[PDB]
Each structure stands twice: as structure tokens, then as C-alpha cells.
2 protein chains.
Amino acid sequence: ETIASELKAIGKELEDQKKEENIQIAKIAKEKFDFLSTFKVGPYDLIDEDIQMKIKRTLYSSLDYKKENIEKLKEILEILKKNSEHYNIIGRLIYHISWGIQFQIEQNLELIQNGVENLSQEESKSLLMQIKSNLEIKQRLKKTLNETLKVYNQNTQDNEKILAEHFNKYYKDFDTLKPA
Amino acid sequence: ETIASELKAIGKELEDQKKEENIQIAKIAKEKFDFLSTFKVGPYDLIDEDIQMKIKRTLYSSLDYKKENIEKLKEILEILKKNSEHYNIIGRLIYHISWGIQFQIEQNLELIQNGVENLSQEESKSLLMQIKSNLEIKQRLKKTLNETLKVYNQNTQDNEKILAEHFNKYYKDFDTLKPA
């Protein structure tokens, strides 16, 4: 106390975030653009529903459950998936970060659900700090995926510009063609 | 004579080219990757079978009837089609150049089929020159589409490189994320 009051309030906050994401994720599954349900890094990779749920929670939250952004992320991952050298860095985002955050959050929610009374003044202090660090990461990631989408959108746009300048250079007439 | 011998020979050559392209085009329609059959520049554009045939002859010849290249051209045109500002330059390639070449070739084949005897020494000289100029253009274009495909392949490759360096920069760990 009053860390016990702070913890119960931040626990209720996290449980609300979880309830709204459960609803928002359910609609994406019906609207049939839940790519993470079928997403494999390698080819012969097995998919666990519980692990995927946590990944969906992180990735669809950071993209504000927007179909446009969710599809664009699918496209980005599909591009990198082509080269087996990118398999590790995809896993860093999908597992270590996206699943990792939710895994820590579940553990933190459980300590609150178990009872804040069963925790010492030092344990209570650390739990509040940990929750705040995880919530900060959940935002850090959101701001990173935004930059990722900006990088992908910029490249798409640049490709159109380059193709257009090439077309205007060479296809103006018969005389603008490359020599035989 | 012997321009009459040269013309009858170059006419037979053009008729063989036409016969082999007719076969090669027929197989593309069976293997269901003949995008030009359904290709519109604008949205409400009407498609003429005879005009399209000539476009198919030029474009599928230049790409050596390769499915990979034919699909890549479809992708390039689809990208530029998004902006109405690129509608004119697409038409320069599709109609003025691709249909235009075949239209001139048909006229040249007809003058040979009509009879080289019904042509003066000056008309015979000009027809041979014209045929050679058109055959040179058919090569000029082939060497341009090759560069077009190289530009598109380079852009695709550059996009993979950029996305990879972005991923390794920001998704290495939790600490490599963008701070708030």
C-alpha cells in the first residue's frame, strides 16, 4: 500500500486491454485476414495455437487491427521468407519479441490475480516496475512497426517512380528505343 | 532484280516468323498466361481481337514467349496503371510501338504478296529499306524490354536488401526498438 492500490488498478487496465484484443482478434478470424493462424517461418514448421495467440495479440494490437496494415506485414514477412538467411531475424520479431512480451504480461497478471498481499514491499515495487517496462516495450514496438510500414510504403512508391521515368525515357517513340 | 530476289526471300523469312509466332501465341493461350487478351489501359476500355493479336506478336516475341518475363511485364504495367498520369506512356508502348510495328510489317508483306514485279526500281529499293528498318526496330524493342525487366528485377532486389537492413537494425532485441 498504496503500491497494492496501483497494482490492482494496473492489473484491471491489462485485463481490459486483453478483453478488447480478444474481441478485435475474433473479428479478424471471421473477416478471414488472420494470416498468423497459418504463418510458418520455415517450411516444415509446426504451429501452436497458444503461441500464435500471443503473437496475434502483439502484432494486431501494434497495427490497430487495420486490415491494410495486417496485409502489408504479411507481404513484408513473405519477402524476407524467400531468403533462408532472414529466418533468424523473422524469429527475433515473431517469437522473442511478439510472443515474449505477452508471456511476461501473463506472468505479471498472474502475480496480481494470486494476490498482491502475498508479495513483500520489494516484490511489489519490482512487479510495478516490470509492468511499466513491458507496457513501454508494447509502445516501442508499435512505433517500430509504424516505421517498418513507412519503409515498405516508400519502396513501393519508389518502384512506381523508377518504372515511370524508365517508360518516359525509352517508350516516347521508336527513336527513344535502345540501339539494336 | 536482284532486289526482287532479296524481297521474295525477306518475305518468306517474315512469313515463317509469323507462322512460328502464331503457334507460340496459341500455346500461351492454352497455358493460360495470355494477359494481353484481357488487358485494358483505362477501366472502361473496349478490346479489339485484331489489335491485341498484333500487340501479342510484338510483346511475346520480345520476351521469347517466357512465362516468367510475360508475368513480370503484366506486373510492371499493373503498377503504372494505378496512376492515371501513366496512361499515355503505357499507350505509347502498347499501341504506337507494339501494334504500330506489326501494322507496318503486314503492309510490307502485302506489297511482296501483291507482286514485286508491280513495283518500280525505286519502290523496290524503298520497300527493302523499310523492311530492314522495321526488323531493326523489332530488335531495338527486344533490347529495351530486356532493360525494363532488369530495372524491375533490380528494384525488387533493392526492396529486399532495404527491408533486411531495417529488420536487423530494429528487431535484433527489445533494446533496438524505437524509444518513446
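If you check the header, you'll see the entry was determined by X-ray crystallography and the resolution is listed as 4.06 Å.

Under the PDB entry, chain A has the name COMPLEMENT REGULATOR-ACQUIRING SURFACE PROTEIN 1 (CRASP-1) and belongs to Borrelia burgdorferi. Under its PDB header, the title given for this structure is "Further structural insights into the binding of complement factor H by complement regulator acquiring surface protein 1, CspA (BbCRASP-1), of Borrelia burgdorferi".

### Concerning the nonpolar core
Note on soluble globular proteins: their nonpolar side chains tend to be buried together. A:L77, A:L93 and B:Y171 are the most contacted members of the largest nonpolar core, which totals 51 residues. Formed by 50 residues, the second largest nonpolar core is a distinct cluster that contains B:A4, B:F33, B:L73 and B:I112.

### Section: the relation of the copies chain B and chain A
Expressed as a screw operation, the relation of chain B to chain A combines 0.1 Å of axial shift with a rotation of 180°, fitting to an RMSD of 0.2 Å. In symmetry terms, the pair is related by a two-fold rotation axis. Most of the interface of chain B is mirrored in chain A: 96% of its interface residues are interface residues there too.

### Describing the packing of aromatic side chains
For the coordinates displayed, the defined rule picks out eight aromatic pairs over all chains. Ring centres of A:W99 and A:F103 lie 4.4 Å apart, and the angle between their planes is 25°; on these two criteria the pair is classed as stacked. A residue pair is termed a helical-turn pair when its members lie 3 or 4 positions apart in one helix, as A:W99 and A:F103 do in helix 4 (residues 87-114) at four residues. Taking relative accessible area as the criterion, A:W99 reaches 26% and is therefore assigned partly exposed. Each residue in the set A:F35, A:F39 and A:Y60 is aromatic and connected to the rest through ring pairs, giving one cluster. Sitting above the plane of the B:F39 ring, B:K81 keeps its charged end 4.8 Å from the centroid.

Cut-offs and rules
Residues numbered from 1 in each chain as written, not as in the entry; some residues may be left out. Chains lettered and ligands numbered in written order. Heavy atoms only, no water. Core = buried A, V, L, I, M, F, W, Y, C linked by side-chain atoms within 4.5 Å. Buried < 20%, exposed > 50% of the residue type's maximum accessible area, 1.4 Å probe, protein only. Least-squares fit on C-alpha atoms. Contact = heavy atoms within 4.5 Å. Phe/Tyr/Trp six-rings, centres within 6.5 Å; stacked < 30°, edge-to-face > 60°. Helix = DSSP H or I, 4+ residues; strand = E, 2+ residues; numbered from the N terminus. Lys NZ or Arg CZ within 6 Å of the ring centre and 35° of its normal.

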